[PDB]
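S.K.: Please read through the structure below; I'll follow up with questions.
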Amino acid sequence: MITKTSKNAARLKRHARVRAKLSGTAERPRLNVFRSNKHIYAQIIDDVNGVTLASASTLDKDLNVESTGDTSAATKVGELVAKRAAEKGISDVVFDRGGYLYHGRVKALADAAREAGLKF
Amino acid sequence: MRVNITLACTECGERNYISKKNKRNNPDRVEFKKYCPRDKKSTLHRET
Amino acid sequence: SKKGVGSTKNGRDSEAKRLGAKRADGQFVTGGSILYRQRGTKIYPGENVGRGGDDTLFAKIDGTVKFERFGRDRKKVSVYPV
Amino acid sequence: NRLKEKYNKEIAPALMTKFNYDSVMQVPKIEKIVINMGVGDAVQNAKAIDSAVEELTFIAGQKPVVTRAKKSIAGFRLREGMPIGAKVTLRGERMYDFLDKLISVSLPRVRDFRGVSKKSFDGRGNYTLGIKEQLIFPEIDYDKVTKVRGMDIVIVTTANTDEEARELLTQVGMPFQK
Amino acid sequence: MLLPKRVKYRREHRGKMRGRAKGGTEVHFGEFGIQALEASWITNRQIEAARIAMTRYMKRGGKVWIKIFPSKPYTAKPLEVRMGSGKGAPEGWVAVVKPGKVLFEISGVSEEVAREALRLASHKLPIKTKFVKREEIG
RNA sequence: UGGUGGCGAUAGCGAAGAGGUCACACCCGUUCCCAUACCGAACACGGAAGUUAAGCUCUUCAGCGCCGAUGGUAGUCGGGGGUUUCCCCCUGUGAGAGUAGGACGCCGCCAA
RNA sequence: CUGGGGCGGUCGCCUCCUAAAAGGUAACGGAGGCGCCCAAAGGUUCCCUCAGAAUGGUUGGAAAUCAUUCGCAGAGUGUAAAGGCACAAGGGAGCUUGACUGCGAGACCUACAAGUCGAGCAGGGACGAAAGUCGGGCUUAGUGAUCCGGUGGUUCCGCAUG
RNA sequence: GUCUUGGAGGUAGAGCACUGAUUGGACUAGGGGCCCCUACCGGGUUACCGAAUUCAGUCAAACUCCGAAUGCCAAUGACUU
């Protein structure tokens, strides 16, 4: 009877009001987080091209944790994907907050990217 | 009650502004902080 | 003859403040020149156009001026360079 | 957890066997209860809205929220602000001690209590319940205020139709007027 | 005798009547009607001069329809005063009549009653007319 | 199959089935990090018992909303005529509604 | 000013219509308003979405509040019309004072006087993790030359020199 | 200037997508009538008005979901001036 908003449903109404603030690229592709219930991802995307430049996720058979879906050991992907684009060298990227709060352990993904090098 | 009163400096004693404020709604000696060019920084500016 | 009956109650008018397309579709346009005066956002800005305090449209980096459409009935000013 | 262990052991499969659903989790429950004062001091001239705080926190220790008037009224008092009545929209496990204080404890402290509200459902599943007395709830002190108010308590179900919800509440065991 | 209840404005432009009407060039509710032939303003009193002088001749008759309705205030400055100085007093009401618009509809009536009950209202209306009946396709 | 994009509701409302190991989900708890004008509904956190029910995907429908003509007309530039509150031709444009019809999506990138 | 003048009424500013699909475009033509208000009704971070309707309830009433669906907007958007706005410029929190000094490439408008928009630079900030935004209120009204005196500051002049 | 092409703007027309105004029919929340009773709860009669809602159908300078004809702003290809 009580109709609820899904945590994916209204989240992309909070995500697009970040998408009206940033340009995707500027030799600096945008970088979003996807916080599911089980395991949490990271892609490096840029408008105009829509090219996912380099990516990985917590779902990765290489470099498992193996606690898999908990605190900042699951932000090794925040450490990995910044090290993954480090061989592309690109860049001091733009960071999407998705539709989540930049709070930790969503912040801790992008925390792991900065001492992995990338300036944001 | 709306009266336009300058907001003078405290580092140098220098008026430098005009602000709109209300005699009833803001009865205190009101204070903001702004930029005095003769003091070159952020500066305590009370009403005068 | 005549009786003196008035009056009209409605004589007043504002100063006519101007709007409309100040440039065309295909103009070279210097930096910071006003493309299109608006009361509100009757047309939105796109590439290399800002928005004024009067919500006006003015081009930052020079080049051509294209009036476009969002979809379905909503226009969009973008500036493309040479 | 005495009501909470009641339906988590028997009641939810009892409706499944009464009439079917797929997915045994598809069963209506207790969702949320919104207690109300609605008072507004009658009419703002007490001035103690906040008298309704002390009267309400001992139904359950949930901190309440005074409901602010979202409209200006031409026939009474007042324009917006100056809130009208308190509210606890309680949930969870404190939910399942509020109702154990209702059925076998405080609902017989309604004086002429036999059974009630044949038609007070909202048509599609909510259960409304007006309350006219306040010696009812147990941790209310008779040494205290001795002033008379009224209440609503709005029990919310999960079922699409109150068909399924009314038969749920009878498996809960709610005394209705028959 | 009809008037609009509460109009958005009390003094209005006079318009320019030309061409065929936007719609209602075809009697469709009842059986027989009059279709006008010229462009004119028809005042309030003339539809009052119609709904009376048809029910003279329609002693036991059907319902009389009127598809016209007045909404335009024809406007007079008070007489024997100079030009200008404000737009005048709203003198009453006046309807919009393009040519070609079927004015009335009359039902429950045969041919021969409708050729005189509808004729005599056309002597009161200031426009040359023609009788118009229905048609199926359809 | 999921995630992110780009394209005008031809992308949508609505009706109906089907899917869940993996993924997205609900779900479970609140000691933590952090939230409620109060409250683990939400927001945050860590976990895996239960689930296709809802979300979401696919599939059928054209009830609605949408797209959308051709022809023909209203209107009209430009001449020319009149019985001149208006009307008539000629040349060229051509609506709006309706309608024949389309459509309840394509095109990517990454990840399994 | 004027459909001779007088009496009446108006003199300036913002919005609409008349305005003829750029933009202006008149009359004693048709409507409203404006000589303010907000220390936050400003800036920013981050949330959320209306009005009305039905269904049932506490004194509860045609309506204050409270719950479930409807509800693309019929709500609000300080004040009044036009445009615009839900990804919000609409509501709610927190931190605040950018309601900023020196500017300003360039444009708009136009007799001039005026008026308007500004990308970008430096000085220092505010909010924000950053990205970044910020030179007042969604826009358009709410204001008036010069002369004359007063107040604060002046590594300016000073009537032979100080 | 003339042809091609790109546009901005909501007019004339139209139509009702809203702001209004409106014809007629179904639908009838409410009301009145008339009685019963109301000492009170209430009920029945309507060829009595009637809000919504709905089937059609009219009309707007301060109504537009739609939108012409020209007209203005320019481009780059010319062909004259």
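Residue numbers start at 1 in each chain; chains themselves are named A, B, ... in the order of the structure tokens; ligands are numbered from 1 in the order shown.
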Considering only C-alpha atoms (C1' of nucleotides), return as a list in words whatever protein or nucleic-acid residues lie within 10 Å of residue G:102, sequence-local ones (same chain, fewer than 2 positions apart) excluded.
M.R.: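 Residues meeting the cut-off are residues 37 of chain B; 122 and 123 of chain G.
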S.K.: Residues of chain E were defined as contacting chain F if any atom lay at most 12 Å from it, counting only C-alpha atoms (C1' of nucleotides); please report them as an MDAnalysis selection string.
M.R.: chainID E and resid 14:23 38:41 98:99
S.K.: Dump as JSON lines the rows for residues of chain A within 6 Å of chain G: closest atom pair and distance in Å with one decimal, only C-alpha atoms (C1' of nucleotides) counted, ordered by chain and rising residue number.
M.R.:
{"residue": "A:16", "atom": "CA", "partner": "G:87", "partner_atom": "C1'", "distance": 5.6}
{"residue": "A:17", "atom": "CA", "partner": "G:87", "partner_atom": "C1'", "distance": 4.9}
{"residue": "A:120", "atom": "CA", "partner": "G:130", "partner_atom": "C1'", "distance": 5.3}
S.K.: To one decimal place in Å, what is the distance between atom CA of residue E:66 and atom CA of residue E:126?
M.R.: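 These atoms are spaced 16.3 Å apart.
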S.K.: Mind checking which residues fall within 9 Å of residue C:45, counting only C-alpha atoms (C1' of nucleotides), ignoring those fewer than 2 positions away in the same chain, and posting them as a short mmCIF file (atom, residue, chain, number, x, y, z; two decimals) with N, CA and C atoms, in the first residue's frame?
M.R.:
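Dumped to out03.cif:
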data_model
loop_
_atom_site.label_atom_id
_atom_site.label_comp_id
_atom_site.auth_asym_id
_atom_site.auth_seq_id
_atom_site.Cartn_x
_atom_site.Cartn_y
_atom_site.Cartn_z
N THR C 41 14.18 33.21 -18.93
CA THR C 41 14.92 32.40 -19.89
C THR C 41 13.94 31.88 -20.94
N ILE C 43 14.92 31.51 -23.99
CA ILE C 43 15.86 30.63 -24.69
C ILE C 43 17.07 30.43 -23.79
N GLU C 47 26.74 26.09 -25.57
CA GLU C 47 28.20 26.13 -25.61
C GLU C 47 28.70 27.56 -25.69
N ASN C 48 29.55 27.93 -24.73
CA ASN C 48 30.24 29.22 -24.68
C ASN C 48 29.27 30.40 -24.68
N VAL C 49 28.17 30.25 -23.97
CA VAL C 49 27.30 31.37 -23.66
C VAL C 49 27.07 31.34 -22.16
N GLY C 50 27.10 32.50 -21.52
CA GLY C 50 26.76 32.63 -20.13
C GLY C 50 25.32 33.04 -19.91
N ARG C 51 25.05 33.55 -18.72
CA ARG C 51 23.73 34.07 -18.40
C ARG C 51 23.90 35.29 -17.52
N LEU C 57 21.77 36.58 -22.78
CA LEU C 57 22.63 35.62 -23.44
C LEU C 57 23.76 36.35 -24.15
N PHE C 58 24.99 35.95 -23.86
CA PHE C 58 26.15 36.67 -24.35
C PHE C 58 27.30 35.69 -24.49
N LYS C 75 14.21 26.26 -27.11
CA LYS C 75 15.37 26.66 -27.89
C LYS C 75 16.62 26.73 -27.01
N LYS C 76 17.76 26.98 -27.65
CA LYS C 76 19.06 26.82 -27.03
C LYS C 76 20.10 27.55 -27.86
N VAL C 77 20.81 28.50 -27.25
CA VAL C 77 21.84 29.27 -27.94
C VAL C 77 23.19 28.66 -27.64
N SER C 78 23.90 28.25 -28.68
CA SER C 78 25.28 27.83 -28.54
C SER C 78 26.13 28.58 -29.55
#
S.K.: Run DSSP on the backbone of this structure and report the residues of chain C it assigns to strand (DSSP E), as a VMD selection string.
M.R.: chain C and resid 20 to 21 33 to 37 44 to 45 57 to 59 64 to 69 75 to 80
S.K.: Take the residues that were just selected and, keeping N, CA and C atoms, output them as an mmCIF file, in the first residue's frame.
M.R.:
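Contents of result-v6.cif, freshly written:
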data_model
loop_
_atom_site.group_PDB
_atom_site.id
_atom_site.type_symbol
_atom_site.label_atom_id
_atom_site.label_comp_id
_atom_site.auth_asym_id
_atom_site.auth_seq_id
_atom_site.Cartn_x
_atom_site.Cartn_y
_atom_site.Cartn_z
ATOM 1 N N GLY C 20 14.600 40.775 -28.154
ATOM 2 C CA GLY C 20 14.769 40.274 -29.499
ATOM 3 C C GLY C 20 16.193 39.840 -29.783
ATOM 4 N N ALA C 21 16.350 39.195 -30.936
ATOM 5 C CA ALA C 21 17.628 38.627 -31.347
ATOM 6 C C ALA C 21 18.576 39.737 -31.761
ATOM 7 N N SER C 33 29.493 39.786 -26.117
ATOM 8 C CA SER C 33 28.474 40.630 -26.715
ATOM 9 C C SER C 33 27.115 39.967 -26.586
ATOM 10 N N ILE C 34 26.090 40.790 -26.406
ATOM 11 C CA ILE C 34 24.770 40.309 -26.018
ATOM 12 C C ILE C 34 24.072 39.705 -27.218
ATOM 13 N N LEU C 35 23.771 38.422 -27.137
ATOM 14 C CA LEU C 35 23.073 37.774 -28.231
ATOM 15 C C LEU C 35 21.589 38.076 -28.236
ATOM 16 N N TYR C 36 20.943 38.025 -27.070
ATOM 17 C CA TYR C 36 19.486 37.942 -27.027
ATOM 18 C C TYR C 36 18.996 38.400 -25.663
ATOM 19 N N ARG C 37 18.310 39.543 -25.621
ATOM 20 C CA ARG C 37 17.734 40.039 -24.376
ATOM 21 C C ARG C 37 16.469 39.274 -24.012
ATOM 22 N N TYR C 44 17.520 29.134 -23.618
ATOM 23 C CA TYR C 44 18.592 28.697 -22.735
ATOM 24 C C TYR C 44 19.956 28.833 -23.400
ATOM 25 N N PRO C 45 21.025 29.021 -22.624
ATOM 26 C CA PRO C 45 22.371 29.043 -23.207
ATOM 27 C C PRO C 45 23.057 27.687 -23.226
ATOM 28 N N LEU C 57 21.770 36.580 -22.777
ATOM 29 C CA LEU C 57 22.635 35.622 -23.435
ATOM 30 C C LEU C 57 23.758 36.351 -24.147
ATOM 31 N N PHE C 58 24.987 35.947 -23.862
ATOM 32 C CA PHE C 58 26.147 36.669 -24.346
ATOM 33 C C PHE C 58 27.298 35.693 -24.493
ATOM 34 N N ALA C 59 28.083 35.876 -25.545
ATOM 35 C CA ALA C 59 29.024 34.863 -25.987
ATOM 36 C C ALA C 59 30.413 35.138 -25.440
ATOM 37 N N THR C 64 30.716 31.451 -34.627
ATOM 38 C CA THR C 64 29.361 31.509 -35.159
ATOM 39 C C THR C 64 28.334 31.372 -34.054
ATOM 40 N N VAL C 65 27.101 31.736 -34.378
ATOM 41 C CA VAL C 65 25.980 31.675 -33.452
ATOM 42 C C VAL C 65 24.913 30.798 -34.073
ATOM 43 N N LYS C 66 24.541 29.732 -33.377
ATOM 44 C CA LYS C 66 23.501 28.840 -33.856
ATOM 45 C C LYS C 66 22.365 28.794 -32.848
ATOM 46 N N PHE C 67 21.152 29.064 -33.320
ATOM 47 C CA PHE C 67 19.955 28.849 -32.528
ATOM 48 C C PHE C 67 19.497 27.419 -32.749
ATOM 49 N N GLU C 68 19.240 26.704 -31.659
ATOM 50 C CA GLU C 68 18.931 25.286 -31.757
ATOM 51 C C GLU C 68 17.606 24.948 -31.097
ATOM 52 N N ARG C 69 17.321 23.661 -30.953
ATOM 53 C CA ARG C 69 16.129 23.194 -30.265
ATOM 54 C C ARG C 69 16.553 22.124 -29.271
ATOM 55 N N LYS C 75 14.213 26.257 -27.112
ATOM 56 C CA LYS C 75 15.371 26.660 -27.887
ATOM 57 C C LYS C 75 16.615 26.730 -27.008
ATOM 58 N N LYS C 76 17.756 26.980 -27.655
ATOM 59 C CA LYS C 76 19.064 26.817 -27.031
ATOM 60 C C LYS C 76 20.099 27.554 -27.864
ATOM 61 N N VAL C 77 20.806 28.501 -27.254
ATOM 62 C CA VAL C 77 21.836 29.273 -27.942
ATOM 63 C C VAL C 77 23.190 28.656 -27.639
ATOM 64 N N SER C 78 23.903 28.255 -28.681
ATOM 65 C CA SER C 78 25.280 27.826 -28.540
ATOM 66 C C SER C 78 26.128 28.576 -29.551
ATOM 67 N N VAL C 79 27.403 28.742 -29.214
ATOM 68 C CA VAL C 79 28.356 29.475 -30.034
ATOM 69 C C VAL C 79 29.461 28.525 -30.458
ATOM 70 N N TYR C 80 29.608 28.338 -31.763
ATOM 71 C CA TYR C 80 30.660 27.494 -32.298
ATOM 72 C C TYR C 80 31.746 28.345 -32.933
#
S.K.: If you measure from atom CA of residue A:113 to atom CA of residue A:40, what distance in Å do you get, rounded to one decimal?
M.R.: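 Atom-to-atom, atom CA of residue A:113 to atom CA of residue A:40, that is 14.7 Å.
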S.K.: Can you check which residues of stretch 8-101 of chain A DSSP gives as helix (DSSP H, G or I) on the backbone and send them as a PyMOL selection string?
M.R.: chain A and resi 11-19+76-88
S.K.: Go ahead and dump the residues you just picked, N, CA and C atoms, as a short mmCIF file (atom, residue, chain, number, x, y, z; two decimals), in the first residue's frame.
M.R.:
data_model
loop_
_atom_site.label_atom_id
_atom_site.label_comp_id
_atom_site.auth_asym_id
_atom_site.auth_seq_id
_atom_site.Cartn_x
_atom_site.Cartn_y
_atom_site.Cartn_z
N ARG A 11 17.51 8.12 -6.62
CA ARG A 11 18.93 8.43 -6.57
C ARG A 11 19.41 9.10 -7.84
N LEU A 12 18.84 8.74 -8.98
CA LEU A 12 19.16 9.39 -10.23
C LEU A 12 18.38 10.68 -10.45
N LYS A 13 17.53 11.06 -9.50
CA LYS A 13 17.06 12.44 -9.47
C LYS A 13 17.99 13.30 -8.65
N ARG A 14 18.73 12.69 -7.72
CA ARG A 14 19.81 13.39 -7.05
C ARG A 14 21.11 13.39 -7.85
N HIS A 15 21.27 12.46 -8.78
CA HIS A 15 22.51 12.41 -9.54
C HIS A 15 22.55 13.46 -10.64
N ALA A 16 21.41 13.71 -11.29
CA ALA A 16 21.38 14.65 -12.40
C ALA A 16 21.59 16.09 -11.96
N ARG A 17 21.29 16.42 -10.70
CA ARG A 17 21.63 17.75 -10.22
C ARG A 17 23.10 17.89 -9.87
N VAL A 18 23.87 16.82 -9.94
CA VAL A 18 25.32 16.94 -10.02
C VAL A 18 25.76 17.02 -11.48
N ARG A 19 25.06 16.31 -12.37
CA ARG A 19 25.35 16.33 -13.80
C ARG A 19 25.10 17.68 -14.45
N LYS A 76 39.82 -0.57 -2.01
CA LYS A 76 40.99 -0.84 -2.82
C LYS A 76 40.72 -0.55 -4.28
N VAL A 77 39.46 -0.65 -4.70
CA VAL A 77 39.11 -0.27 -6.05
C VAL A 77 39.25 1.23 -6.23
N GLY A 78 38.99 2.00 -5.17
CA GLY A 78 39.38 3.40 -5.18
C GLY A 78 40.88 3.59 -5.24
N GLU A 79 41.64 2.64 -4.69
CA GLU A 79 43.07 2.66 -4.90
C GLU A 79 43.45 2.07 -6.25
N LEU A 80 42.73 1.04 -6.71
CA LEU A 80 43.13 0.33 -7.93
C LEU A 80 42.85 1.15 -9.18
N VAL A 81 41.65 1.72 -9.28
CA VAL A 81 41.24 2.37 -10.53
C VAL A 81 42.02 3.65 -10.75
N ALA A 82 42.40 4.33 -9.68
CA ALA A 82 43.33 5.44 -9.83
C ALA A 82 44.72 4.97 -10.23
N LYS A 83 45.14 3.80 -9.77
CA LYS A 83 46.37 3.22 -10.27
C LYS A 83 46.20 2.67 -11.67
N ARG A 84 44.96 2.37 -12.07
CA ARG A 84 44.72 1.84 -13.40
C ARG A 84 44.77 2.93 -14.45
N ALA A 85 44.16 4.08 -14.18
CA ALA A 85 44.31 5.22 -15.06
C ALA A 85 45.65 5.92 -14.91
N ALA A 86 46.43 5.57 -13.89
CA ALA A 86 47.78 6.11 -13.74
C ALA A 86 48.70 5.65 -14.86
N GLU A 87 48.45 4.48 -15.44
CA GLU A 87 49.22 4.07 -16.60
C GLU A 87 48.70 4.74 -17.86
N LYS A 88 47.43 5.11 -17.88
CA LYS A 88 46.97 6.09 -18.85
C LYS A 88 47.45 7.49 -18.49
#
S.K.: Could you list the residues in chain D lying within 12 Å of chain F, using only C-alpha atoms (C1' of nucleotides), and format the result as an NGL selection string?
M.R.: :D and (21-28 or 31-35 or 57 or 60-68 or 86-95 or 158-160)
S.K.: Taking only C-alpha atoms (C1' of nucleotides) into account and nothing else, which residues of chain G lie no more than 8 Å away from chain B? Please answer as a PDB file with C-alpha atoms (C1' of nucleotides), in the first residue's frame.
M.R.:
ATOM      1  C1'   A G  39      19.992  40.670   8.276  1.00  0.00           C
ATOM      2  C1'   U G  97      28.266  37.951   5.008  1.00  0.00           C
ATOM      3  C1'   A G  99      24.540  42.990  -0.029  1.00  0.00           C
ATOM      4  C1'   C G 100      33.436  42.776  -2.408  1.00  0.00           C
ATOM      5  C1'   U G 101      38.280  46.581  -3.593  1.00  0.00           C
ATOM      6  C1'   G G 123      43.728  41.543  -3.658  1.00  0.00           C
ATOM      7  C1'   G G 124      41.899  38.990   0.023  1.00  0.00           C
ATOM      8  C1'   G G 125      37.664  35.733   1.522  1.00  0.00           C
ATOM      9  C1'   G G 152      35.183  60.285   7.696  1.00  0.00           C
ATOM     10  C1'   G G 153      39.990  59.893   4.962  1.00  0.00           C
TER      11        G G 153
END
S.K.: With a cut-off of 6 Å, could you pull out the residues of chain F touching chain A and give me the nearest pair of atoms for each, distance in Å to one decimal, using only C-alpha atoms (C1' of nucleotides), ordered by chain and ascending number, as a Markdown table?
M.R.:
| residue | atom | partner | partner_atom | distance |
| --- | --- | --- | --- | --- |
| F:5 | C1' | A:50 | CA | 5.4 |
| F:109 | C1' | A:51 | CA | 4.9 |
| F:110 | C1' | A:52 | CA | 5.4 |
S.K.: Find the spatial neighbours of residue C:30, counting only C-alpha atoms (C1' of nucleotides), within a cut-off of 9 Å - ignore same-chain residues fewer than 3 positions away - and output them as number ranges by chain.
M.R.: C: 33, 59-63; G: 106-107
S.K.: Kindly export the residues of the current selection with N, CA, C and O atoms (P, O5', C5', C4', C3', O3' and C1' of nucleotides), as a PDB file, in the first residue's frame.
M.R.:
ATOM      1  N   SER C  33      29.493  39.786 -26.117  1.00  0.00           N
ATOM      2  CA  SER C  33      28.474  40.630 -26.715  1.00  0.00           C
ATOM      3  C   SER C  33      27.115  39.967 -26.586  1.00  0.00           C
ATOM      4  O   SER C  33      26.994  38.748 -26.687  1.00  0.00           O
ATOM      5  N   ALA C  59      28.083  35.876 -25.545  1.00  0.00           N
ATOM      6  CA  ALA C  59      29.024  34.863 -25.987  1.00  0.00           C
ATOM      7  C   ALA C  59      30.413  35.138 -25.440  1.00  0.00           C
ATOM      8  O   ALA C  59      30.883  36.276 -25.455  1.00  0.00           O
ATOM      9  N   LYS C  60      31.076  34.078 -24.986  1.00  0.00           N
ATOM     10  CA  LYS C  60      32.373  34.193 -24.333  1.00  0.00           C
ATOM     11  C   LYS C  60      33.515  34.034 -25.329  1.00  0.00           C
ATOM     12  O   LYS C  60      34.306  34.959 -25.530  1.00  0.00           O
ATOM     13  N   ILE C  61      33.609  32.869 -25.959  1.00  0.00           N
ATOM     14  CA  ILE C  61      34.607  32.593 -26.982  1.00  0.00           C
ATOM     15  C   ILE C  61      33.940  32.796 -28.329  1.00  0.00           C
ATOM     16  O   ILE C  61      32.796  32.380 -28.532  1.00  0.00           O
ATOM     17  N   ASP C  62      34.647  33.451 -29.239  1.00  0.00           N
ATOM     18  CA  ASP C  62      34.070  33.962 -30.465  1.00  0.00           C
ATOM     19  C   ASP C  62      33.663  32.846 -31.421  1.00  0.00           C
ATOM     20  O   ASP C  62      33.901  31.662 -31.184  1.00  0.00           O
ATOM     21  N   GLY C  63      33.042  33.239 -32.514  1.00  0.00           N
ATOM     22  CA  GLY C  63      32.682  32.295 -33.547  1.00  0.00           C
ATOM     23  C   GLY C  63      31.227  32.454 -33.919  1.00  0.00           C
ATOM     24  O   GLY C  63      30.590  33.437 -33.571  1.00  0.00           O
TER      25      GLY C  63
ATOM     26  P     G G 106      37.228  47.020 -26.182  1.00  0.00           P
ATOM     27  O5'   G G 106      35.915  46.211 -26.571  1.00  0.00           O
ATOM     28  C5'   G G 106      35.941  45.211 -27.576  1.00  0.00           C
ATOM     29  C4'   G G 106      34.984  44.099 -27.248  1.00  0.00           C
ATOM     30  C3'   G G 106      33.541  44.392 -27.581  1.00  0.00           C
ATOM     31  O3'   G G 106      33.261  44.156 -28.937  1.00  0.00           O
ATOM     32  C1'   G G 106      33.674  43.535 -25.392  1.00  0.00           C
ATOM     33  P     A G 107      32.495  45.281 -29.768  1.00  0.00           P
ATOM     34  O5'   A G 107      31.020  44.715 -29.858  1.00  0.00           O
ATOM     35  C5'   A G 107      29.946  45.453 -29.317  1.00  0.00           C
ATOM     36  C4'   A G 107      28.980  44.566 -28.592  1.00  0.00           C
ATOM     37  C3'   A G 107      27.629  45.195 -28.349  1.00  0.00           C
ATOM     38  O3'   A G 107      26.776  45.027 -29.460  1.00  0.00           O
ATOM     39  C1'   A G 107      28.438  44.291 -26.329  1.00  0.00           C
TER      40        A G 107
END
S.K.: For chain H against chain C, which residues fall within 6 Å using only C-alpha atoms (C1' of nucleotides), given as JSON, numbers by chain?
M.R.: {"H": [7, 8, 73, 74]}
S.K.: Which residues are near residue F:45? Cut-off 8 Å, only C-alpha atoms (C1' of nucleotides), ignore same chain within fewer than 6 positions. Put them as a count of residues only.
M.R.: 3
S.K.: Please list as a count of residues only every residue within 12 Å of residue G:28, counting only C-alpha atoms (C1' of nucleotides) and excluding residues in the same chain fewer than 5 positions away.
M.R.: 21
